[PDB]
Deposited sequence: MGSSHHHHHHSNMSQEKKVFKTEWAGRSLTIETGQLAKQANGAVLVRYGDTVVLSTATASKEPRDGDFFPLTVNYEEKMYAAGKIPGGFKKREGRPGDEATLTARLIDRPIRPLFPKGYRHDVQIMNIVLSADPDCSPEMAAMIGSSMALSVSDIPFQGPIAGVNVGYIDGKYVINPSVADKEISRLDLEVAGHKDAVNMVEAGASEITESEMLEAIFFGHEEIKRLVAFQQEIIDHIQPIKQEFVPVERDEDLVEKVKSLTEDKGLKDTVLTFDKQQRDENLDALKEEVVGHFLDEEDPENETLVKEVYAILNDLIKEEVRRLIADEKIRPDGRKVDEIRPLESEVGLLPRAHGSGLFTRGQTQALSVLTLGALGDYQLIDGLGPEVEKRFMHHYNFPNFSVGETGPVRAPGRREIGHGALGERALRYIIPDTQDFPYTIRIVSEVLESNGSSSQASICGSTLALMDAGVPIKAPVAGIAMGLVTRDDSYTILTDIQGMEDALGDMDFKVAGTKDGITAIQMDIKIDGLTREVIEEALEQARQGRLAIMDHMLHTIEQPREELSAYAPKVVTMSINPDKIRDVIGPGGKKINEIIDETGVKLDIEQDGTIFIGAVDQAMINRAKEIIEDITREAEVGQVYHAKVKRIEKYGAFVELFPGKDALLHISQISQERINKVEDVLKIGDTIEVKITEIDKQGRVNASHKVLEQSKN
């Protein structure tokens, strides 16, 4: 994780990388004052017309428009790819925290530039954008909500080191000279922002670029290694949990937030208190390093949100002891096995971060199985491949004092009593280990 800081229009500008959304080609967290934006850039493995998609979304907890902002950010980026480049490139901008005086739109634009800049994609940037106002005869960079009310110009201009790349303006009937001056006043700031990004690029130094029978032979090799040689594809032992990392309080305008990472699975859960309890779960395709349609929550996202809500509902305080609504949203930023349990753990952190008087913290974990002729092997904290090539995905969440939720998917006829018993015990040990880590963080 690398943090780069500067100042922008009288407020702090930080760009973070290396920690969040590692399976996108490039990903960056932009903090502009209290505005926080996660920007990702992901490209298809092989080339597909150049298919570029830019998305912008302001989360409900951050406090047509988003369509206009995605079209805004697409413009200075689209023409700067090599001629003939046909890979499908998808860029996401998620406003996690929104201060209206610290333009989330412009933060997302430089986030989208930086996401691409560190990314692996041959984008010919960097670019940056600024908002220019025109107040009492003086041009201003990124005016506050108050200043924009007395501004005769609502100009957003973007470009690179060499030239202006985009002009998007509304104005109170200003002359051609007044506009022209505003534009190249804006481009002076753009050159500073592009220089700031280039410092980051210089430091980071991104590097730019019968079947079915085979599929069964790999399945048997993974299963043989596990049952016989006692070793898992990532070198783990059968009861080994992946490396754990965790933080709270990542978002200034949220009541509570928790970041929980387990191996290659990472979830950001954001809590909102209002004036009863709900938990939602979002699974972007950049979480698994892919592109594709940005659709409404599918069947799986509805399930995993309800499973998280079920595990957590039992420790939520009553209304007499906590007279507030509680909404938690879990964002899966990276996934390689049980994002849904990571969302449960992130939500517990966010509940404690927000000072919600819960009965007890809750953590979860998913168990696996490799069945063989004479015996079987329980796998603790399975990754995706062990789900795909194993025999079950057995998810258990609860407190130190017992179970609050179970959900199971198996690829065999059934689980014997001994399998279920052994899995529940390893899962009891697993959740206890995870909460020891979470209480260490909290």
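Taking the first deposited residue as 1, the stretches without any C-alpha atom are 1-16, 65-67, 83-97, 244-308, 375-390, 558-713.
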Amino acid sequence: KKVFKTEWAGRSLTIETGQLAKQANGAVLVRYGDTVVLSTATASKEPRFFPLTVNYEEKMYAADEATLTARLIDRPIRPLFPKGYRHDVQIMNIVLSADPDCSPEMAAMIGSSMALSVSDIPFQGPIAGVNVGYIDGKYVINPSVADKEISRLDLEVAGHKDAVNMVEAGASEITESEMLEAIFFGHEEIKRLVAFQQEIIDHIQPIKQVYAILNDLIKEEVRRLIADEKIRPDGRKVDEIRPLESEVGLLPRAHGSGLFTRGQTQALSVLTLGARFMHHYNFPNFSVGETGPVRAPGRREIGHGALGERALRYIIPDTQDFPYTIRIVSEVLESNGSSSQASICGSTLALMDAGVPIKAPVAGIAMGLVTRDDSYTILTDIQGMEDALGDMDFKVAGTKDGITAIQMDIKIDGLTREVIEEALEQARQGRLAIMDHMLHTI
From here on, numbers count along this sequence of modelled residues.
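The mean C-alpha temperature factor is higher for 162-170 when 162-170 and 105-113 are set side by side. Higher mean CA temperature factor between 381-389 and 407-415: 381-389, per the PDB entry. When the C-alpha B-factors of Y324, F260, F283, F277 are ranked from the entry, the top spot goes to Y324.
For the set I231, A98, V248, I200, the PDB entry assigns the largest Cα B-factor to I231.
Per the deposited record, the Cα B-factor of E188 falls in the highest third when ranked against the other modelled residues of its chain. Sort the modelled residues of the chain by CA B factor and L68 lands in the middle third. In this PDB entry, the Cα temperature factor of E334 sits in the bottom third of its chain's modelled residues, the lowest group. Among all modelled residues in this chain, the alpha-carbon of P293 has a temperature factor (C-alpha) in the highest third. Looking at the C-alpha B-factors along this chain, the one for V157 belongs to the lowest third.
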